[PDB]
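Worksheet: the structure to be examined is printed underneath.
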């Protein structure tokens with residue numbers, strides 16, 4: 001069902017965030033892009049999202065806050081400086097995925113998001 | 001609970017497969033390594049696994065066969081030649097994850113497997 005799923009994208013790079021939103025639209029998803037993690041966290045309180053993908057320096061504390069407050073929301077952490085240490089932490093904090101940036105492709109990223117909502 | 005989860009690893013590289021088994025053992029998981037996809041598929045019929053990770057050229061048809069026969073088993077596809085096209089296909093075929101080789105680390109791979117069984 002078209003527009004039945006809404007995705008929040010916390011992403012500083014507006015061009016990239018636009019490309020992901022357009023890709024998600026292809027599969028019938030609604031998506032909001034924000035460059036601000038504080039904005040994103042607030043949005044989750046006033047709108048109902050099914051999934052959030054966050055790229056931010058302080059992503060990990062955010063993961064835990066959302067997992068506690070909004071337990072059924074799928075959380076994907078994406079990082080331009082991926083490390084083994086941060087991957088382990090993200091999963092231990094309850095993230096549903098950890099994705100290195102840059103992405104393989106918009107289509108591959110969308111397929112993964114699709115799967116995470118399956 | 002120790003040994004309550006069993007993982008099948010289809011992996012041609014015996015040294016790498018050993019390293020993953022040892023890593024999984026750290027978290028209380030049992031793991032069987034096989035270098036043969038036909039062997040692995042057969043094992044799934046005679047033993048009860050919770051998760052299979054497969055690196056093989058013919059992984060994608062296998063994904064669909066297992067998803068149809070053994071629907072609750074988590075399936076992770078790992079590839080030494082990752083492409084956008086094959087990632088999309090793996091997810092569309094019902095894989096729970098698609099992981100590029102080489103791995104970030106054994107600990108990061110184990111954390112991901114842990115999460116996929118959560």
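Ideal geometry is used to build each Cβ from the backbone, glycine not excepted, and the neighbour counts take in all protein chains shown. FYI, it's all coordinate maths here, none of it is from the lab.
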Any residue at all in the stretch B:12-19 that is crowded, with 17+ Cβ neighbours inside 10 Å and closer than 28 Å to residue B:85 by Cβ?
yes
Can you tell me which condition residue A:65 does not meet? The list is (1) over 21 Å from residue A:5 (Cα atoms); (2) in a loop (DSSP other than H, G, I, E, B); (3) more than 9 Å from chain B (Cβ to nearest Cβ), and all the others hold.
(2)
Quick one: which of A:17, A:40, A:28 is assigned to a loop (DSSP other than H, G, I, E, B), away from chain B (no Cβ under 14 Å) and farther than 20 Å from residue B:113 by Cα?
A:28
By residue number, the members of the stretch A:103-118 that are facing another protein chain (nearest Cβ under 7 Å), within 26 Å of residue A:72 (Cβ to Cβ) and touching a residue at least 60 places away in the same chain (Cβ under 8 Å) are A:114
For residue B:88, state whether it is under 23 Å from residue A:87 (Cα atoms) and in contact with a strand residue (DSSP E or B) (Cβ under 8 Å, 6 or more places away or on another chain).
no
Take the stretch B:79-102 and flag every residue that is in a loop (DSSP other than H, G, I, E, B) and more than 9 Å from every other protein chain (Cβ to nearest Cβ).
B:80, B:81, B:93, B:101, B:102
When you go through (1) buried (at least 18 other Cβ atoms within 10 Å of the Cβ); (2) away from chain A (no Cβ under 14 Å); (3) assigned to a loop (DSSP other than H, G, I, E, B); (4) without any contact (Cβ under 8 Å) to a residue 40 or more places away in the chain one by one for residue B:56, which number turns out not to apply?
(4)
